[PDB]
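Here you'll find one protein chain in two forms, each presented separately as structure tokens under the names structure 1 and structure 2.
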Structure 1
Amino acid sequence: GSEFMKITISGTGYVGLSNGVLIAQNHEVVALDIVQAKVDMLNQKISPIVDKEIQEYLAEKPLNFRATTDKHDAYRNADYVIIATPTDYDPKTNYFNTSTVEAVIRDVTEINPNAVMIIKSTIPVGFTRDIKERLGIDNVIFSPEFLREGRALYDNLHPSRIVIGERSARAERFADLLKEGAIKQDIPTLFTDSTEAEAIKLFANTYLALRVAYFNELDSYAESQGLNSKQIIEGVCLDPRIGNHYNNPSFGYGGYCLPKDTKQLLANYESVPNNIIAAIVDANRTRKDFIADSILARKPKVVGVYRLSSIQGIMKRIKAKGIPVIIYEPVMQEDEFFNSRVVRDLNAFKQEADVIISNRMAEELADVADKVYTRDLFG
């Protein structure tokens, strides 16, 4: 009976909780977490994470949602179990820690072998086909998540698309759950085989890194040649095949996904001839070298870093040349970061820095704009 199902969420971070609150509008959702304090909060309709829509829906909407620390209570009778536990890929060792996902697969297989597991956690390419073969089970399907931390429920209410890594009626019924709870209508939906679904986010994020790296190389050329980067970029981006988005120069692509995913994809190309995949990684190092060299050519005695992630790579290079860096970051509470002073008073920071670097311009740097170096054009 697909009319009213039980869906268990294993993992209460933004991915699991966003999916759980979305589905609890129409089905029975039970959230499993190992931490009793998190379970008690959820049962009191308090979100353990910061996400405005998740907190609003938990507090104000009638959701058939509850939490528990009991695995048997959580998995028994579940039609689907969404696995959204933490995973991490380390590019230095090429190790992808999937232990939390494998622990859930172990527990569901033992407690309810008829449940269909949907992995939303990030996993390595080929993970699902391999784990099914290893354990001799069939009830595991991967589905990528395209959510932004802080707007995770909003992104599930208005998704770019839904992709489920199995071609079957049970995969389509899970996609239907995601569409039923959404506000956006006629959401693009794609069903693929397993390993293909697991490769989508690495190829999508690596294209975004390539696009930023390309506009950054155009910007390196414009600076080197004394040209106006904004004029060139706006003219280029008026071609509708290119578009006016994701084209703002910076000190390099950063954030929590692009640096690691581009490297993870390159490792997957160890036996595949390529030049672009490897260049996306190299390009970022070259761009940071160019930006650092431009700053160092101004012969500053102290460089001020306004806000703290590619700017970290710039700071590293400036310090390697023996020039002190001071940091302005109101969110940090320590007085030192990577051996550099964190200055609390903005006016003291502005006065001492000979060049203030910022990945993006800010209103509060307006009065010292003359000594601000930023390649931001569009805000």
Structure 2
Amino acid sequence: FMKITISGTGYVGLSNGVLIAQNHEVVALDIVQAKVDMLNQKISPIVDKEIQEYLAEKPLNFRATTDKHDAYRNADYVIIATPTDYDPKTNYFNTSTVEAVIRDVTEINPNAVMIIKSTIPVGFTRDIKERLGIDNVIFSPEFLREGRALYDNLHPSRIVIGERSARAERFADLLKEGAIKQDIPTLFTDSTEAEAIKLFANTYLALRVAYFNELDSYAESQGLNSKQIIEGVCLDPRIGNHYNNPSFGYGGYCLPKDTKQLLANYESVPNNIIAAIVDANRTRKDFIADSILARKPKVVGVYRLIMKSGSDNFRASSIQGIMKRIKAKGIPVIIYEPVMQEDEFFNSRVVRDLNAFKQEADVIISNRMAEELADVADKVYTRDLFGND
């Protein structure tokens, strides 16, 4: 009986699409013909174990298309999951793909209930509901991690829908019904609350990582053992032994990332906290780059530009800011990134062969330790302590 349309087929879109398609008609809409074509062949266009396997082994009422009229037709719900983020040039939060999908749906099927899953600024929903004069827009935050997308939906921490209504609960049941986890905590709120819940949840996660990275910098510069200190600190149950693995800096979260983005949007965000994670991150990259330059390297080898294993994001990857700082000093950099087709990145040679890379670099820096590097461990610089995230 029920038809759900996903507008945008990135990992957030497919995650929800596949979850719901176990019991309902799901139609995935995208603007890239080629991704759509593979989806229709049951081939996942992104790396994510469960998405790839549910799409090829489980019976799903799922299909993809680049046709919005066929996609939105008779849709009961349209989940919006198109790209949103702060623009790196203008520094304004860019919500144009979402604006666009809303005008389209309003135009093509003003009876569908639109659930926004893409992160948006606090107050976006209330404002657009008013600027266009519609009422069928509801925000519902996404809390999943790239690479565990479907997984986090099959076992969600919780579900938050930005509307207190029957249609809002109807949607929550769709999500609970597809999930493996039972008794998912479910909270119904207004849309501005729900947007703020997303903003603050991410702010905190970024804050936690920023904090462990200062702690780690502090230990390193003071000659202390990071791991014993973190163990000691995390034995306090109010702090916890989780999400505490030092790195070269954090990236992502749809949070202003430098002080220019913070300034262009202060007042949409909690000013002191953001200022804090932004300054800590900038500071962490200076410390890390300084720490690498002190080993007086001749050629630095950057091992992987993606941040998390199996990722497809370079944008938000802190190793970039390290390269930037080392190159500022004139040190040559070579890169080992299989996912990268380009032969040079900001003019640094991208070496295709792992062994040639290992031989040419006197210092190899890597955000997380890796098996492939075990044989050159003696020249590997990483602040990874636990091997997770």
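In this text, rigid core is short for the largest set of C-alphas that superpose within 1.5 Å between two forms. Numbers given to residues start at 1 and step along the sequence of structure 1.
J.: Only one of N248, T122, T85, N112 shifts by 2 Å or more at CA between the two structures when the core is aligned; which is it?
T.: Comparing both forms, the shifted residue turns out to be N248.
J.: Fitting the rigid core first, would the Cα of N359 be found 2 Å or more away between the two structures?
T.: Yes, its C-alpha moves 2 Å or more.
J.: Taking the rigid core as reference, does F65 move its C-alpha 2 Å or further between the two structures?
T.: Superposed on the core, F65 moves its C-alpha less than 2 Å between the two structures.
J.: With a threshold of 2 Å on the C-alpha, tell me if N156 counts as moved between the two structures once the core is superposed.
T.: The answer is no, as the C-alpha of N156 shifts between the two structures by less than 2 Å after core alignment.
J.: Please state the CA displacement of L202 between the two structures in angstrom, with both forms fitted on the core.
T.: Comparing between the two structures after core fitting, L202 shifts 1.7 Å at its C-alpha.
J.: Can you give the CA shift of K350 between the two structures, in Å, with the two forms fit on their core?
T.: Superposing on the rigid core gives a C-alpha shift of 10.3 Å for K350.
J.: Could you check how much the CA of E234 shifts between the two structures after a rigid core fit, in angstrom?
T.: Looking at the C-alpha of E234 between the two structures, the offset is 4.9 Å.
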